[PDB]
Amino acid sequence: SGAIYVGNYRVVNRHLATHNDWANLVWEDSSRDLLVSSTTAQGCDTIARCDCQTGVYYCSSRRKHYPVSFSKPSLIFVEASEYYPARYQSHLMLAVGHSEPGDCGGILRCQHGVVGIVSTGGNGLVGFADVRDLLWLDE
Ligand SMILES: CCN(CC1CC1)C(=O)c1cccc(CC(=O)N2CCC[C@H](C(N)=O)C2)c1
Ligand SMILES: [Zn+2]
């Protein structure tokens, strides 16, 4: 679990979104596993606007942060789950690291701010849904 709070927005994994998230829906993209809902309180997270390929992520299944090198956002095959059939997930970045299902929502950060959130795992890889292209989160 986990979310990003920026301005009047809350960014979560689409497969973990709550009834409140869907009742205050701003935008969702099933191909990216993202959903953004509106909030009443102002969020203070800063979104990175960059092309970094190194950062640190929080891994809840180890209660630890790990430094990683990660790929550029791209269309990657992700196996079927109870939330989606087997499909191309877009804007996904992979790194070598530990990720179990409950790790979804952990934040990946670089020196510029929030880069994305854990969205996939397995096979000794961790995949992060990028949010750096969502320029509208800042206004
Ligand atoms: C090979 C079976 N296996 C390990 C099971 C745990 C024994 C996995 O598939 C597996 C392993 C670690 C993490 C995850 C989570 C994951 O990647 N998802 C599930 C939620 C939706 C995600 C998405 N963005 O489409 C995809 C799965
Ligand atoms: Zn950066």
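Method-wise, the PDB entry is recorded as coming from X-ray crystallography, at a reported resolution of 1.370 Å.

(A) The overall build of the protein, seen in detail. Each helix and strand in the protein was counted, giving 1 helix and 10 strands. Along the protein, from the amino end to the carboxyl end, the secondary structure elements read β-α-β-β-β-β-β-β-β-β-β. Here the C-alpha atoms of the protein give a radius of gyration of 14 Å, agreeing with the 14 Å that 2.2 N^0.38 yields for 139 residues. When the backbone C-alpha atoms are referred to their principal axes, the protein occupies close to 40 × 35 × 30 Å. A total of 139 residues make up the protein; the buried ones form 45% of that total.

(B) Main features of the pattern of salt bridges. The full count for this structure, using the stated rule, is 7 salt bridges. A salt bridge links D138 to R49, with the nearest nitrogen and oxygen atoms 2.8 Å apart. One end of the pair, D138, is in the segment after β10 (125-130); the other, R49, is in the loop between β3 (34-44) and β4 (54-59), and 89 residues separate them in sequence. Classification of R49 by relative accessible area gives partly exposed; the value is 31%. In this structure, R132 and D130 form a salt bridge, with 2.9 Å as the shortest nitrogen-oxygen distance. We note that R132, like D130, is buried.

(C) Representation of the site of ligand 1. Neighbouring ligand 1 are 15 residues; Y84, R87, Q89, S119 and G121 lie closest to it. Contact distances for ligand 1 include 3.1 Å between a nitrogen atom and a side-chain N or O atom of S119. Backbone polar atom of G121 to an oxygen atom of ligand 1: 3.0 Å apart, as the coordinates give it. Notes on ligand 1: free accessible area 620 Å², of which the protein chains cover 60%. For ligand 1, the cavity whose grid points lie within 2 Å of the majority of its atoms is the largest pocket. Mapped by element, the contributors of at least two residues to the shell around ligand 1 are β7 (87-96) and β9 (113-120).

(D) Up close: the nonpolar core. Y57, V68, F70, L108, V115 and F128 are the most contacted members of the largest nonpolar core, which totals 15 residues. For this core, the secondary-structure elements that each account for two or more residues are β4, β7, β8 (107-110), β9 and β10. Residues within four places of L108 in sequence aside, it is in contact with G55, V56, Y57, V68, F70, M93, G113, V114, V115, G116 and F128.

(E) Quick peek at the sheet that holds strand β1 (residues 4-13). Reading across the sheet, the 3 strands line up as β1-β3-β2 and stay open at both edges, with antiparallel pairing between neighbours. For this open sheet the edge positions go to β1 and β2 (25-29), each flanked by a neighbour on one side alone. Adjacent strand axes in the sheet meet at a mean angle of 35°, parallel and antiparallel pairs treated alike. Both β1 and β3 contribute to a ladder of 7 bridges, which runs antiparallel. Paired with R10 across the bridge in β3 is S37.

Here is what the cut-offs are and how they apply
- Residues numbered from 1 in each chain as written, not as in the entry; some residues may be left out.
- Chains lettered and ligands numbered in written order.
- Heavy atoms only, no water.
- Helix = DSSP H or I, 4+ residues; strand = E, 2+ residues; numbered from the N terminus.
- Rg over C-alpha atoms; globule rule 2.2 N^0.38 Å.
- Buried < 20%, exposed > 50% of the residue type's maximum accessible area, 1.4 Å probe, protein only.
- Salt bridge = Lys/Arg side-chain N within 4 Å of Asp/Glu carboxyl O.
- Near = heavy atom within 4 Å.
- Polar contact = N/O pair within 3.5 Å; in protein donor to acceptor, adjacent residues only side chain to side chain.
- Areas by Shrake-Rupley, 256 points an atom, 1.4 Å probe, with all protein chains shown as cover.
- 1 Å grid on protein atoms, 1.4 Å probe; cavity = no way out; pocket = protein on both sides within 12 Å on 5 of 7 lines; lining within 4 Å.
- Sits in = over half its atoms within 2 Å of the grid points.
- Core = buried A, V, L, I, M, F, W, Y, C linked by side-chain atoms within 4.5 Å.
- Contact = heavy atoms within 4.5 Å.
- Pairing = 2+ DSSP bridges.
- Axes fitted to C-alpha atoms, helices over the stretch in contact; angles between N-to-C directions.

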